[PDB]
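Worksheet: the structure to be examined is printed underneath.
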Amino acid sequence: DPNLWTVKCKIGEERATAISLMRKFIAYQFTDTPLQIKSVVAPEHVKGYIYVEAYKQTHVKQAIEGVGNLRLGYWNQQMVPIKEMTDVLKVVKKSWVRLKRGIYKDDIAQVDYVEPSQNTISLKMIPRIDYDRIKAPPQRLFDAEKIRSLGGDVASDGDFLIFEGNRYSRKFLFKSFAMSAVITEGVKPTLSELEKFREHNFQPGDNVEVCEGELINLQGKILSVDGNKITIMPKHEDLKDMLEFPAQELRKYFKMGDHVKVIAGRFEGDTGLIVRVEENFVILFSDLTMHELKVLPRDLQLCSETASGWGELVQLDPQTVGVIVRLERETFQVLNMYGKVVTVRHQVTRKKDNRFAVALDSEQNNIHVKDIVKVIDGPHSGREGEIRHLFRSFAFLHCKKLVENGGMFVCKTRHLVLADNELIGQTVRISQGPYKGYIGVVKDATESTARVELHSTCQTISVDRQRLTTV
Amino acid sequence: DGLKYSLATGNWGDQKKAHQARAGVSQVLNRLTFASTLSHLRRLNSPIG
Amino acid sequence: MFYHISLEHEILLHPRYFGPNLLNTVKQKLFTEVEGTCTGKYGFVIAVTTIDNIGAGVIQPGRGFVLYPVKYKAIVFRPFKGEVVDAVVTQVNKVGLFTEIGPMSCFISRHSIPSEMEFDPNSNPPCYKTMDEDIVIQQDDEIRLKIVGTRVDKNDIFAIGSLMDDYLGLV
RNA sequence: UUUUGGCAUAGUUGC
DNA sequence: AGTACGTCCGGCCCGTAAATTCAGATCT
DNA sequence: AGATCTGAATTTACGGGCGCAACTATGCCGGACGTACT
């Protein structure tokens, strides 16, 4: 049989090249210059080059002559190996889609109404627009009042709206798009997308037991992992040999009194120690708090890192400072001087902390930051905390035992107990001294002297301010 | 822009051929004395080659 | 437990303390440094039994200090998991119990506390009492507790006490 | 109330 | 409908190795 | 005695290096796409 030979082609124009070469073949099949090649292959997903079927490379070179698109493969060609000739043709493979082209590329879009004409489908989308304010972007809800105010191409039918290139919207964009312009298989949106509109996790080092089979009740440490049929390699107790278990035969079993982290769920991120291992209700207590946390065995992993569980000084306004007590997705929980916890936006100002500031306690003892101070008066009387920030008449105390606001509170300082020269850049004239007569400009100024760059000579010298007289 | 480049940097030859394209032909005119300007006007360079 | 061991420490003596009483100065500085400190691997150093050998004073190039290594016999408290210890209960709360072993603080959680014990908030002394009152755990009492685990974090050991084994608790 | 900031090949010049 | 505008994708030298040629080991 | 390889002793390309510190100039994305405005 003939062999396939690779020919480099213009990127994105392989099928057009194949059409042109077929037309050339038909246009010179009866002439004295016949194309002796047999066939041309331009695969869909193979971009950049094509294949030509022929018994010789000379046939390939003499056939592709006159085709500019293949000129980068004209001088030399490479034969496809004989054993890989099958692989040239080997091909593999109220919902949600994702638009291909436009600014909404790879954006989740809910299929609202499917047109039976099989040309387009109505899709619900979130607009990635600037409302005609920057152009002459991230996803955000569609604000009708803003685009009515800014004007431009906008037509209003209450909640129904047309704008900016016939984009249709209602209350959220609702526009028709071709199914060929979207992907109708393999989106799988997340819970956040639903609000907008089994699983196996075994890690190396974790301890797992055996729930069934002839190797039941063998606890061992995980070494490796795979997708579904793990064929795991666990280091059991009192066994130097390495056995085999799939994902289904194991379970994330852990002995009491060991480090535990939560992989997912409402208790995700919190660390701690498991106390009693019941059948499936595994109870633990966090490093931060002392509350009961009940988790499934699969919701536990063996990780020995310390818990994360921050505390930056920010300005709520120029009259009152604030201390961040929790960091969130889009806001700061800030505890202020008044003791009032507030929730503020990311865009408060960072104040310059004064770590050397001095404050007086209730007994006329100087106190600085990081000093353990007892609260003898005020709402928080009886507690004892470490100072972290200072004000004219307030002090912020941290306490690990206190589970409120990350242990941070505030008390007045008197209810605690310890446990530019104007002459700069001014044209001046030496009215006294050896340099009399001259003119200069003041570079630096002090209480006594001042530097003057002398205009007259190529130097700067210092003189008493008494020797100066301004112009 | 080609001639402007070849006089702008002293490289002589194609811009992408700078690996082996001989350079050092067009130089900033020596303006310090009249004699210096004259001596730079009449200067002849032999390449190493 | 208290263990009388020879340990190594370094002292960078500044030139101002040179002259007479130099050996006295390094002895005093070792006393000031090691005493009252805790190390994660070696537990609580209690006191310097004695300073055994004063090493050669290597004068630091470029710095001016003089480095002295010192061998010294000191006693260290090292807790042992899987051991019973006499402990003095310091703090009693509804959540757990805190006990002192030397300078070190150990804990008895709500569940490491035996189920037979139950807190007695209504009584004048807040204490954990059994139904028969054969053992009553309050503050300031000598209890025999098993060390479940020496949980060490940042140069400070805190252990966990347990009364799950028999013959434990008060005497 | 505190300052900053490039890498490169080529060219010429100075003991 | 045309064209501008802007954003996005593609001489020596000395080792060093390697290729050829006579005695020596077999194998007649 | 001879062959026939065959195992150690002469001739060819081929990288890879080439004394020290300042002052000035140029250039590092073009083609295609794609839509919005007039």
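Naming scheme: A, B, ... for chains in displayed order of the structure tokens; residues 1 onward per chain; ligands 1 onward as shown.
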Would you mind listing what lies within 12 Å of residue 6 of chain F as a PDB file with C-alpha atoms (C1' of nucleotides), in the first residue's frame, with only C-alpha atoms (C1' of nucleotides) counted and same-chain residues fewer than 4 positions away left out?
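Output contents, as saved in around-v1.pdb:
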```pdb
ATOM      1  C1'  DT E  21      45.734  -1.565   9.060  1.00  0.00           C
ATOM      2  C1'  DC E  22      49.678  -5.551  10.650  1.00  0.00           C
ATOM      3  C1'  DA E  23      50.685  -9.673  14.026  1.00  0.00           C
ATOM      4  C1'  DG E  24      48.407 -12.930  16.709  1.00  0.00           C
ATOM      5  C1'  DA E  25      45.032 -16.287  17.863  1.00  0.00           C
ATOM      6  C1'  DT E  26      42.334 -19.591  15.953  1.00  0.00           C
TER       7       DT E  26
END
```
Residue list for chain D near chain B as a list in words, 12 Å, only C-alpha atoms (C1' of nucleotides):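 Residues satisfying the distance criterion: residues 9, 10, 11, 12 and 13 of chain D.
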Distance filter 12 Å, only C-alpha atoms, chain C against chain A, as a count of residues only: 16
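Between atom CA of residue 468 of chain A and atom CA of residue 441 of chain A the separation is 10.5 Å.
One finds atom CA of residue 13 of chain A at 27.8 Å from atom CA of residue 118 of chain A.
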Residues of chain A within 12 Å of chain E, only C-alpha atoms (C1' of nucleotides) counted, as a ChimeraX atom specification: /A:11,103,135-136
Output file for the residues above (C-alpha atoms, as a PDB file, in the first residue's frame):
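Writing done, so here's part-v4.pdb:
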```pdb
ATOM      1  CA  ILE A  11      -2.629  27.097  10.564  1.00  0.00           C
ATOM      2  CA  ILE A 103     -16.894  38.348  25.283  1.00  0.00           C
ATOM      3  CA  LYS A 135     -15.071  51.672  26.334  1.00  0.00           C
ATOM      4  CA  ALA A 136     -15.153  54.446  23.728  1.00  0.00           C
TER       5      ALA A 136
END
```
Nearest-residue call for chain A, choices F:13, F:22, F:8, F:37, using only C-alpha atoms (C1' of nucleotides):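 Once distances to chain A are computed over only C-alpha atoms (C1' of nucleotides), the minimum belongs to F:37.
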Length of the atom CA of residue 100 of chain C to atom CA of residue 88 of chain C vector [Å]: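 Separation of atom CA of residue 100 of chain C and atom CA of residue 88 of chain C: 5.1 Å.
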Non-local contacts of residue 85 of chain C (9 Å; only C-alpha atoms (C1' of nucleotides); under 4 positions in same chain excluded) as a list in words: residues 1, 79, 101, 143, 144, 145, 146, 147 and 161 of chain C
Keeping only N, CA and C atoms, take the residues you just selected and write them out as a PDB file, in the first residue's frame.
```pdb
ATOM      1  N   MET C   1       9.641  13.317  84.296  1.00  0.00           N
ATOM      2  CA  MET C   1      10.347  12.966  85.560  1.00  0.00           C
ATOM      3  C   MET C   1      11.687  13.693  85.627  1.00  0.00           C
ATOM      4  N   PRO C  79       8.067  14.709  80.730  1.00  0.00           N
ATOM      5  CA  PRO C  79       6.912  13.822  80.892  1.00  0.00           C
ATOM      6  C   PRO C  79       6.988  12.639  79.939  1.00  0.00           C
ATOM      7  N   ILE C 101       2.233  19.494  87.259  1.00  0.00           N
ATOM      8  CA  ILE C 101       3.344  18.582  87.497  1.00  0.00           C
ATOM      9  C   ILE C 101       4.587  19.458  87.420  1.00  0.00           C
ATOM     10  N   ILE C 143      -3.608  13.682  92.861  1.00  0.00           N
ATOM     11  CA  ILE C 143      -4.222  12.632  92.052  1.00  0.00           C
ATOM     12  C   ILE C 143      -3.141  11.897  91.274  1.00  0.00           C
ATOM     13  N   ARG C 144      -3.378  10.607  91.044  1.00  0.00           N
ATOM     14  CA  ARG C 144      -2.547   9.782  90.175  1.00  0.00           C
ATOM     15  C   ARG C 144      -3.219   9.754  88.807  1.00  0.00           C
ATOM     16  N   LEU C 145      -2.598  10.399  87.815  1.00  0.00           N
ATOM     17  CA  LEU C 145      -3.145  10.468  86.462  1.00  0.00           C
ATOM     18  C   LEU C 145      -2.172   9.860  85.462  1.00  0.00           C
ATOM     19  N   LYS C 146      -2.724   9.140  84.488  1.00  0.00           N
ATOM     20  CA  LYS C 146      -1.949   8.571  83.395  1.00  0.00           C
ATOM     21  C   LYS C 146      -1.763   9.615  82.303  1.00  0.00           C
ATOM     22  N   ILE C 147      -0.543   9.701  81.782  1.00  0.00           N
ATOM     23  CA  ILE C 147      -0.201  10.671  80.748  1.00  0.00           C
ATOM     24  C   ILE C 147      -0.565  10.046  79.405  1.00  0.00           C
ATOM     25  N   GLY C 161      -4.049  14.160  81.115  1.00  0.00           N
ATOM     26  CA  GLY C 161      -4.272  13.195  82.168  1.00  0.00           C
ATOM     27  C   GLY C 161      -5.501  12.343  81.905  1.00  0.00           C
TER      28      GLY C 161
END
```
Alpha helix (DSSP H) positions in chain B, given as a list in words: residues 2, 3, 4, 5, 6, 7, 8, 9, 34, 35, 36, 37, 38, 39, 40 and 41 of chain B
Could the residues in this selection be written to a file with C-alpha atoms, as a CSV table (one decimal), in the first residue's frame?
```csv
chain,number,residue,atom,x,y,z
B,2,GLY,CA,15.1,49.6,7.1
B,3,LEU,CA,17.7,52.2,6.2
B,4,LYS,CA,16.7,54.2,9.2
B,5,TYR,CA,17.4,51.2,11.4
B,6,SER,CA,20.7,50.3,9.7
B,7,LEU,CA,21.9,53.9,10.4
B,8,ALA,CA,20.2,54.1,13.8
B,9,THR,CA,22.2,51.3,15.5
B,34,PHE,CA,36.3,71.0,14.2
B,35,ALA,CA,39.5,68.8,13.7
B,36,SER,CA,37.8,65.9,15.5
B,37,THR,CA,34.8,66.2,13.2
B,38,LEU,CA,37.0,66.3,10.1
B,39,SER,CA,39.0,63.3,11.3
B,40,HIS,CA,35.8,61.3,11.9
B,41,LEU,CA,34.5,62.3,8.5
```
Which residues, written as a PDB file with N, CA and C atoms, in the first residue's frame, have at least one atom at most 12 Å from residue 24 of chain C, with only C-alpha atoms (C1' of nucleotides) counted and residues fewer than 5 positions away on the same chain left out?
```
ATOM      1  N   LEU C  13      29.781  36.273  75.693  1.00  0.00           N
ATOM      2  CA  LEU C  13      30.098  37.322  76.648  1.00  0.00           C
ATOM      3  C   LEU C  13      30.624  38.553  75.917  1.00  0.00           C
ATOM      4  N   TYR C  17      32.022  42.955  80.427  1.00  0.00           N
ATOM      5  CA  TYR C  17      32.072  42.114  81.615  1.00  0.00           C
ATOM      6  C   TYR C  17      33.420  41.424  81.800  1.00  0.00           C
ATOM      7  N   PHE C  18      34.401  41.682  80.935  1.00  0.00           N
ATOM      8  CA  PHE C  18      35.721  41.089  81.095  1.00  0.00           C
ATOM      9  C   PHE C  18      36.398  41.662  82.342  1.00  0.00           C
ATOM     10  N   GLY C  19      37.598  41.159  82.631  1.00  0.00           N
ATOM     11  CA  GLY C  19      38.354  41.567  83.792  1.00  0.00           C
ATOM     12  C   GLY C  19      38.170  40.584  84.934  1.00  0.00           C
ATOM     13  N   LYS C  29      25.505  34.288  84.301  1.00  0.00           N
ATOM     14  CA  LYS C  29      24.726  34.405  83.074  1.00  0.00           C
ATOM     15  C   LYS C  29      24.093  33.075  82.690  1.00  0.00           C
ATOM     16  N   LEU C  30      24.808  31.963  82.883  1.00  0.00           N
ATOM     17  CA  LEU C  30      24.194  30.664  82.629  1.00  0.00           C
ATOM     18  C   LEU C  30      23.030  30.418  83.582  1.00  0.00           C
ATOM     19  N   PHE C  31      23.192  30.797  84.859  1.00  0.00           N
ATOM     20  CA  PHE C  31      22.088  30.690  85.812  1.00  0.00           C
ATOM     21  C   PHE C  31      20.885  31.506  85.355  1.00  0.00           C
ATOM     22  N   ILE C  51      27.799  23.671  87.342  1.00  0.00           N
ATOM     23  CA  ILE C  51      28.452  23.960  86.071  1.00  0.00           C
ATOM     24  C   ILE C  51      29.741  23.148  86.062  1.00  0.00           C
ATOM     25  N   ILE C  54      34.023  24.578  81.998  1.00  0.00           N
ATOM     26  CA  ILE C  54      33.974  25.812  81.224  1.00  0.00           C
ATOM     27  C   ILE C  54      34.846  25.611  79.995  1.00  0.00           C
TER      28      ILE C  54
END
```
Within 10 Å of residue 142 of chain C using only C-alpha atoms (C1' of nucleotides), minus same-chain residues under 4 positions, as a short mmCIF file (atom, residue, chain, number, x, y, z; two decimals) with C-alpha atoms, in the first residue's frame:
```cif
data_model
loop_
_atom_site.label_atom_id
_atom_site.label_comp_id
_atom_site.auth_asym_id
_atom_site.auth_seq_id
_atom_site.Cartn_x
_atom_site.Cartn_y
_atom_site.Cartn_z
CA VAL C 85 2.17 10.78 87.76
CA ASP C 86 1.20 12.45 91.02
CA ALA C 87 -0.33 15.81 90.09
CA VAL C 88 -1.84 18.79 91.92
CA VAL C 89 -5.16 19.91 90.42
CA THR C 99 -3.21 19.91 86.92
CA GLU C 100 0.35 20.89 87.81
CA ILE C 137 -11.68 15.56 92.20
CA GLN C 138 -11.38 19.25 93.15
CA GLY C 169 -7.20 9.47 91.20
CA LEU C 170 -7.01 10.46 94.85
CA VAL C 171 -5.20 8.42 97.51
#
```
Chain A contacts on chain F, only C-alpha atoms (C1' of nucleotides), 12 Å, as a list in words: residues 33, 34, 35, 36 and 37 of chain F
Exercise answer, chain A residues close to chain D, 12 Å and only C-alpha atoms (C1' of nucleotides), as number ranges by chain: A: 351-352, 420
All strand (DSSP E or B) residues (DSSP, backbone) inside segment 350-417 of chain A, as a count of residues only: 25
